[PDB]
Amino acid sequence: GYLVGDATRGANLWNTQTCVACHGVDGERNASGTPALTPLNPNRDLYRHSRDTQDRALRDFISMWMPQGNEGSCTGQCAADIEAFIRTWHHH
Ligand code: HEC
Ligand code: NA
């Protein structure tokens, strides 16, 4: 049925699936202290990529659209886990 995302695993996949390169550690900053190349707002109810035709759940946005340039590399449980991780950011 509906996969259950694990935020702790998503914190690791954030790096290994290369999200960190474009979005920094937290959608705001890089480890180096410079601003992220592309911000990521972790608090939208739904996400609509500029090339999409409808709003998506965060995990489905990730499956379809990210990492940009190699979108098929994170789907399914990867996408669920990273969704869960991103939804922890407003507790930062
Ligand atoms: C640079 C090569 C990127 C990599 C690697 C990843 N993302 Fe990305 N992301 C990138 C761009 C240019 C954009 C904008 C897309 C558009 O609408 O044209 C995004 C957007 C996101 C968002 C939405 C952010 C928002 O504030 O609405 C999310 C949630 C997102 N990206 C997630 C994400 C994840 C989980 C990645 C690793 C699997 C990832 N991105 C990689 C550029 C790049
Ligand atoms: Na994907």
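In the deposited numbering, the protein residues as written are 1 to 92. Note that beta-carbon positions come from the ideal geometry of N, C-alpha and C, so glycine has one too.
* Determine the contact status of residue 79 and residue 59, defining contact as a CB-CB distance below 7 Å. => yes
* Considering only C-alpha positions, which residue in the set 19, 42 and 65 is nearest to residue 31? -> 19
* Just the C-alpha distance for residue 6 and residue 13, rounded to the nearest angstrom, thanks. => In a straight line, the C-alpha of residue 6 is about 11 Å away from that of residue 13.
* C-alpha distance - residue 38 paired with residue 1, whole-angstrom precision -> 33 Å
* Asked: So residue 14 is in the alpha helix (DSSP H); what residue range does that whole segment cover?
  -> 7-16
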